[PDB]
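Have a look at the structure below before the remarks.
A note on names: the letters A, B, ... follow the listed sequences, proteins ahead of strands, and every chain is numbered from 1.
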Amino acid sequence: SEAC
Amino acid sequence: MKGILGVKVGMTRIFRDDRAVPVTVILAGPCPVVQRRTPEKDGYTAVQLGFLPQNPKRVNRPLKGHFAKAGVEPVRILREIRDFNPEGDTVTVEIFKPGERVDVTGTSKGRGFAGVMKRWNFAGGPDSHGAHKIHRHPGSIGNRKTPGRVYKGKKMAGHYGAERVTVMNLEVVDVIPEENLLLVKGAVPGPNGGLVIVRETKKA
Amino acid sequence: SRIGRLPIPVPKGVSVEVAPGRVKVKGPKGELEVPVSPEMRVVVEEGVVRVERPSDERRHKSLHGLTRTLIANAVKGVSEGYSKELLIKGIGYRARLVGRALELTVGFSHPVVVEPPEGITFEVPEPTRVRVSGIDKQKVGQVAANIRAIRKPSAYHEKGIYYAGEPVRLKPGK
Amino acid sequence: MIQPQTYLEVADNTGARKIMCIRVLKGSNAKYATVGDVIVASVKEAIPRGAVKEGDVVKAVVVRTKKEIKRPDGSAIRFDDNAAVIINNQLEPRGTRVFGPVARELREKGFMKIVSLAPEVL
Amino acid sequence: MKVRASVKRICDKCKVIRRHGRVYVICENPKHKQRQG
RNA sequence: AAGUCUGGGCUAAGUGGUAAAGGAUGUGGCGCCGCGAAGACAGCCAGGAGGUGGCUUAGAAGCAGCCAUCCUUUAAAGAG
RNA sequence: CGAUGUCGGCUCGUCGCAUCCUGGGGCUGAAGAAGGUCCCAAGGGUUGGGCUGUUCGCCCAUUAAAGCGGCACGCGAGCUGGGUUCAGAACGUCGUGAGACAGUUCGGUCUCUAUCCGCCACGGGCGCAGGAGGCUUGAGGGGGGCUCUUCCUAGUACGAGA
RNA sequence: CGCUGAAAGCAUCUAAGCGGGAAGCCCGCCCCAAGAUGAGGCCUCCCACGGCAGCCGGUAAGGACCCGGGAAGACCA
Ligand SMILES: [Mg+2]
Ligand SMILES: [Mg+2]
Ligand SMILES: [Mg+2]
Ligand SMILES: [Mg+2]
Ligand SMILES: [Mg+2]
Ligand SMILES: [Mg+2]
Ligand SMILES: [Mg+2]
Ligand SMILES: [Mg+2]
Ligand SMILES: [Mg+2]
Ligand SMILES: [Mg+2]
Ligand SMILES: [Mg+2]
Ligand SMILES: [Mg+2]
Ligand SMILES: [Mg+2]
Ligand SMILES: [Mg+2]
Ligand SMILES: [Mg+2]
Ligand SMILES: [Mg+2]
Ligand SMILES: [Mg+2]
Ligand SMILES: [Mg+2]
Ligand SMILES: [Mg+2]
Ligand SMILES: [Mg+2]
Ligand SMILES: [Mg+2]
Ligand SMILES: [Mg+2]
Ligand SMILES: [Mg+2]
Ligand SMILES: [Mg+2]
Ligand SMILES: [Mg+2]
Ligand SMILES: [Mg+2]
Ligand SMILES: [Mg+2]
Ligand SMILES: [Mg+2]
Ligand SMILES: [Mg+2]
Ligand SMILES: [Mg+2]
Ligand SMILES: [Mg+2]
Ligand SMILES: [Mg+2]
Ligand SMILES: [Mg+2]
Ligand SMILES: [Mg+2]
Ligand SMILES: [Mg+2]
Ligand SMILES: [Mg+2]
Ligand SMILES: [Mg+2]
Ligand SMILES: [Mg+2]
Ligand SMILES: [Mg+2]
Ligand SMILES: [Mg+2]
Ligand SMILES: [Mg+2]
Ligand SMILES: [Mg+2]
Ligand SMILES: [Mg+2]
Ligand SMILES: [Mg+2]
Ligand SMILES: [Mg+2]
Ligand SMILES: [Mg+2]
Ligand SMILES: [Mg+2]
Ligand SMILES: [Mg+2]
Ligand SMILES: [Mg+2]
Ligand SMILES: [Mg+2]
Ligand SMILES: [Mg+2]
Ligand SMILES: [Mg+2]
Ligand SMILES: [Mg+2]
Ligand SMILES: [Mg+2]
Ligand SMILES: [Mg+2]
Ligand SMILES: [Mg+2]
Ligand SMILES: [Mg+2]
Ligand SMILES: [Mg+2]
Ligand SMILES: [Mg+2]
Ligand SMILES: [Mg+2]
Ligand SMILES: [Mg+2]
Ligand SMILES: [Mg+2]
Ligand SMILES: [Mg+2]
Ligand SMILES: [Mg+2]
Ligand SMILES: [Mg+2]
Ligand SMILES: [Mg+2]
Ligand SMILES: [Mg+2]
Ligand SMILES: [Mg+2]
Ligand SMILES: [Mg+2]
Ligand SMILES: [Mg+2]
Ligand SMILES: [Mg+2]
Ligand SMILES: [Mg+2]
Ligand SMILES: [Mg+2]
Ligand SMILES: [Mg+2]
Ligand SMILES: [Mg+2]
Ligand SMILES: [Mg+2]
Ligand SMILES: [Mg+2]
Ligand SMILES: [Mg+2]
Ligand SMILES: [Mg+2]
Ligand SMILES: [Mg+2]
Ligand SMILES: [Mg+2]
Ligand SMILES: [Mg+2]
Ligand SMILES: [Mg+2]
Ligand SMILES: [Mg+2]
Ligand SMILES: [Mg+2]
Ligand SMILES: [Mg+2]
Ligand SMILES: [Mg+2]
Ligand SMILES: [Mg+2]
Ligand SMILES: [Mg+2]
Ligand SMILES: [Mg+2]
Ligand SMILES: [Mg+2]
Ligand SMILES: [Mg+2]
Ligand SMILES: [Mg+2]
Ligand SMILES: [Mg+2]
Ligand SMILES: [Mg+2]
Ligand SMILES: [Mg+2]
Ligand SMILES: [Mg+2]
Ligand SMILES: [Mg+2]
Ligand SMILES: [Mg+2]
Ligand SMILES: [Mg+2]
Ligand SMILES: [Mg+2]
Ligand SMILES: [Mg+2]
Ligand SMILES: [Mg+2]
Ligand SMILES: [Mg+2]
Ligand SMILES: [Mg+2]
Ligand SMILES: [Mg+2]
Ligand SMILES: [Mg+2]
Ligand SMILES: [Mg+2]
Ligand SMILES: [Mg+2]
Ligand SMILES: [Mg+2]
Ligand SMILES: [Mg+2]
Ligand SMILES: [Mg+2]
Ligand SMILES: [Mg+2]
Ligand SMILES: [Mg+2]
Ligand SMILES: [Mg+2]
Ligand SMILES: [Mg+2]
Ligand SMILES: [Mg+2]
Ligand SMILES: [Mg+2]
Ligand SMILES: [Mg+2]
Ligand SMILES: [Mg+2]
Ligand SMILES: [Mg+2]
Ligand SMILES: [Mg+2]
Ligand SMILES: [Mg+2]
Ligand SMILES: [Mg+2]
Ligand SMILES: [Mg+2]
Ligand SMILES: [Mg+2]
Ligand SMILES: [Mg+2]
Ligand SMILES: [Mg+2]
Ligand SMILES: [Mg+2]
Ligand SMILES: [Mg+2]
Ligand SMILES: [Zn+2]
């Protein structure tokens, strides 16, 4: 995940 | 409704009115009748047919008793043709005339364990542009938490061919009574030497 | 104001018998049979048939009127008979009999051959008039309706199959 | 076996020298055109002052194919190029001459004028 | 046939009937044929 | 688990067993006018006329725009 | 929040019907042909390409038609990684400055092994009151379900003509 | 869309009854299928063997094991  | 047990021989093309006609040659008869299914006894109408003589020293006692009630030689194969009560006790290629349409049932060629591309004509994945070891893979098999499962009858990999296949409405090109030969325009299921069942057509 | 209390005149010599939920009408041209509600009462008098309803509830009043006309239509059918006439119209439209069957020439690429059911007799006086004849009133009307349907009156022109007595109403075109 | 992107030589004196098929006018989604089929195409090369110029979207009928077409007598025929003749919406040739042999299939498909202008029907 | 929730008479030859559980308006004028729904 | 329990009534939509404005000869029960044997309502048998139509417009003369829709022989007839 | 991976695409389907086409209809300000509007209908079908990461949208050439939505904006333990979304760099802008910007620009580590459910296939076991070798009935399931062009009828019906 | 037809003297495809009517629904076509435990049916073969619905050994019609292979197949079948 790179939930930005 | 009428039928006969055959052997697939091979393919060729003959010439009829300056046209090339691909054919499959079938060694149909002769099929002696071994037993008759009646509505009084069994509940339906059919003929049990014999095909190919067999080494009498190869057919056990239960089967020999069966052949004796009909007074016939040992035959290699026994198959029923439903809704057919022929007059005689023997069925030969001459129940068909050239110009009639027939259906033929054989056992297709067996591909063993077949991938989804050969089994179901799937499209695979790309062969470049980053594709990462999915070149022949089925893709996605579902959705997410709803329904959270995989449909029955989902197209996947697995065994293929060596299954009963009927092709329907083939034109009988010629009949050669002297050799028990039956000619049929087009392609018939299975390999040369495979057993096939030839029936009068059902398409009107 | 009441159909079902109107007595039914019966001509000489027509037979009328009463049965459970049935009555049978035997006359000069044959015999019909009218199925009646058990809730009604068919009573035979001197050359007269009457129908009596048990209460004044709406189902009894509705079967009452219905039932009287059913008996009367059958008794007229076995004596006098029923018929319906059709006028064909058009520049190329005509018809003829072929045996007992009815062949129509009415503008298709083919003719249309109508066969008469049991109890129905066809007849073509002139190539443009057709008559349906039988004892059963409802059946004579169904046969006539079917024949008409094959080529209905045109909305804009006076061609098609018309009931005798049917008005010719048309609308313009430009 | 002509499909979109396929280049075709021009077997006539219309002025066009090469055309690029853009559509197979045979149904909703024919994959391939053969002999006797009509395509839509773009003129990619012309000779000057011809009846057609570069950048024209025209009609044409395929008269020769490198993929060999088969026949009911069991024979087949195969040409060295892929060639077509430019037509108008009445299937008639828009030029006055037809260069090279054409297939006999064009006759059945109703392109009789091209066939007669052809120097050899094979 | 018009299909709507407000089926009404349109002219004095319009007739409001009920057959097979549905309300209809039938009439000599074919534009006036109505069914509720 | 314990009533196919007792009596009066309603519903025909499986309504009951998920919704509104609004629409309806669904059905049952009330109320209030009108008209009627001074023969009504329906149907039918009838008569259904005329001066004759005027701005209108090559005519709209019952049956294109208008103008008021005037009289009448009459049991009644609309210059529709 | 001791982690429910986030756009689009590809692959693979499946469902709804407020139906884009094909089938059946009523009305028409429906002559014919061709349309408009509404009703029934979810069986099948619903193309290839240019541009942009795009969804969407416009455009080219077709078509019977080029439907609209749902399934974690269906589907990254199935793939991609163009976008978005760290660390480098730069432009416009803002800040004295350090730095900042759903503003732009170029680049940027996406994890061999499936335990249980589910799915595709294939066997082993026992059962079907004696034990066997054959041949079968079909409860119940699954597959399939599209559609166009030309000709004849007939240049007739219809229409001044087209 | 009808035929016949009241309630409602007329009218009404409906309340009693009867028609016509979709690429859709049922069957019909192709394939799987009696673990269909509701485990079906027909033809044919063996049979009452020896020791205290059970028991353990020798047999029956038959089957398996092994081996030569197979357009059958991952092994198995
Ligand atoms: Mg060979
Ligand atoms: Mg020959
Ligand atoms: Mg076989
Ligand atoms: Mg095989
Ligand atoms: Mg093969
Ligand atoms: Mg294999
Ligand atoms: Mg594969
Ligand atoms: Mg395949
Ligand atoms: Mg395959
Ligand atoms: Mg393949
Ligand atoms: Mg691909
Ligand atoms: Mg692809
Ligand atoms: Mg590939
Ligand atoms: Mg590769
Ligand atoms: Mg990678
Ligand atoms: Mg990788
Ligand atoms: Mg991988
Ligand atoms: Mg690779
Ligand atoms: Mg998940
Ligand atoms: Mg996901
Ligand atoms: Mg679930
Ligand atoms: Mg297999
Ligand atoms: Mg198959
Ligand atoms: Mg054929
Ligand atoms: Mg075979
Ligand atoms: Mg064999
Ligand atoms: Mg009819
Ligand atoms: Mg040249
Ligand atoms: Mg040349
Ligand atoms: Mg030029
Ligand atoms: Mg240029
Ligand atoms: Mg240029
Ligand atoms: Mg040309
Ligand atoms: Mg020549
Ligand atoms: Mg309104
Ligand atoms: Mg009416
Ligand atoms: Mg009780
Ligand atoms: Mg209801
Ligand atoms: Mg309910
Ligand atoms: Mg309900
Ligand atoms: Mg969280
Ligand atoms: Mg944890
Ligand atoms: Mg956790
Ligand atoms: Mg996460
Ligand atoms: Mg975690
Ligand atoms: Mg986790
Ligand atoms: Mg791709
Ligand atoms: Mg979908
Ligand atoms: Mg709908
Ligand atoms: Mg239609
Ligand atoms: Mg349609
Ligand atoms: Mg017109
Ligand atoms: Mg039309
Ligand atoms: Mg319409
Ligand atoms: Mg409608
Ligand atoms: Mg559909
Ligand atoms: Mg769809
Ligand atoms: Mg390019
Ligand atoms: Mg693109
Ligand atoms: Mg785009
Ligand atoms: Mg989106
Ligand atoms: Mg956009
Ligand atoms: Mg169209
Ligand atoms: Mg279009
Ligand atoms: Mg597209
Ligand atoms: Mg969607
Ligand atoms: Mg969609
Ligand atoms: Mg949702
Ligand atoms: Mg959303
Ligand atoms: Mg969102
Ligand atoms: Mg997604
Ligand atoms: Mg996803
Ligand atoms: Mg990933
Ligand atoms: Mg993704
Ligand atoms: Mg996932
Ligand atoms: Mg995952
Ligand atoms: Mg996964
Ligand atoms: Mg997961
Ligand atoms: Mg995958
Ligand atoms: Mg990137
Ligand atoms: Mg961007
Ligand atoms: Mg600056
Ligand atoms: Mg500051
Ligand atoms: Mg400042
Ligand atoms: Mg500054
Ligand atoms: Mg930034
Ligand atoms: Mg941003
Ligand atoms: Mg930001
Ligand atoms: Mg911006
Ligand atoms: Mg940027
Ligand atoms: Mg920049
Ligand atoms: Mg960037
Ligand atoms: Mg680089
Ligand atoms: Mg990258
Ligand atoms: Mg790895
Ligand atoms: Mg596992
Ligand atoms: Mg894996
Ligand atoms: Mg589990
Ligand atoms: Mg498992
Ligand atoms: Mg097993
Ligand atoms: Mg058993
Ligand atoms: Mg047994
Ligand atoms: Mg057995
Ligand atoms: Mg049985
Ligand atoms: Mg069977
Ligand atoms: Mg079944
Ligand atoms: Mg089951
Ligand atoms: Mg279909
Ligand atoms: Mg003609
Ligand atoms: Mg004609
Ligand atoms: Mg009527
Ligand atoms: Mg009637
Ligand atoms: Mg009446
Ligand atoms: Mg009824
Ligand atoms: Mg019916
Ligand atoms: Mg029917
Ligand atoms: Mg069809
Ligand atoms: Mg079977
Ligand atoms: Mg069994
Ligand atoms: Mg079986
Ligand atoms: Mg049991
Ligand atoms: Mg049991
Ligand atoms: Mg049992
Ligand atoms: Mg059960
Ligand atoms: Mg058994
Ligand atoms: Mg093996
Ligand atoms: Mg082996
Ligand atoms: Mg092994
Ligand atoms: Mg092996
Ligand atoms: Mg072994
Ligand atoms: Zn009206």
In dot-bracket notation, what is the pairing pattern of RNA chain H, taking Watson-Crick (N1-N3 plus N6-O4 or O6-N4) and G-U wobble (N1-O2 and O6-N3) contacts under 3.5 Å, with [ ] crossing and | for other strands?
-> (((.....|.......))).........||||..|....|||||.|..(.......)....................

Report each atom pair, protein N/O against N/O of nucleotides 47-55 of chain G, whose distance is under 3.5 angstrom.
unit_1: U47(G); atom_1: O2; unit_2: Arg23(D); atom_2: NH1; d: 3.3
unit_1: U47(G); atom_1: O2; unit_2: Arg23(D); atom_2: NH2; d: 2.8

Looking at residues 110-124 of chain B, who's got a heavy atom less than 4.0 Å off RNA chain G?
-> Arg119(B), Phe122(B), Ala123(B), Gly124(B)

Write down the distance separating the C1' atoms in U6(G) and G50(G), rounded off to the nearest Å.
-> 31 Å

Expressed as a whole number of Å, how far does the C1' atom of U147(G) sit from that of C26(H)?
-> 25 Å

Give a yes/no on whether any side-chain N or O of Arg19(E) is located under 4.0 angstrom from OP1 or OP2 of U14(H).
-> yes

From the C1'-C2'-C3'-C4' angle alone, say whether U37(H) leans north (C3'-endo side) or south (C2'-endo side).
-> south

Could you work out the separation of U4(G) and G48(G) based on their P atoms and round it to a whole Å?
-> 41 Å

Between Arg164(B) and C31(H), does any side-chain N or O lie under 4.0 Å from OP1 or OP2?
-> yes

Provide the Watson-Crick or G-U wobble partner of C106(G), both distances under 3.5 Å; none if there is no partner.
-> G88(G)

Pairing between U56(F) and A42(F), Watson-Crick or G-U, 3.5 angstrom cut-off on both | no

Which whole number of Å gives the distance between the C1' atom of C47(H) and that of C52(H)?
-> 25 Å

Short side-chain N/O contact to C1(H) OP1/OP2 from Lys33(E), under 4.0 Å | yes

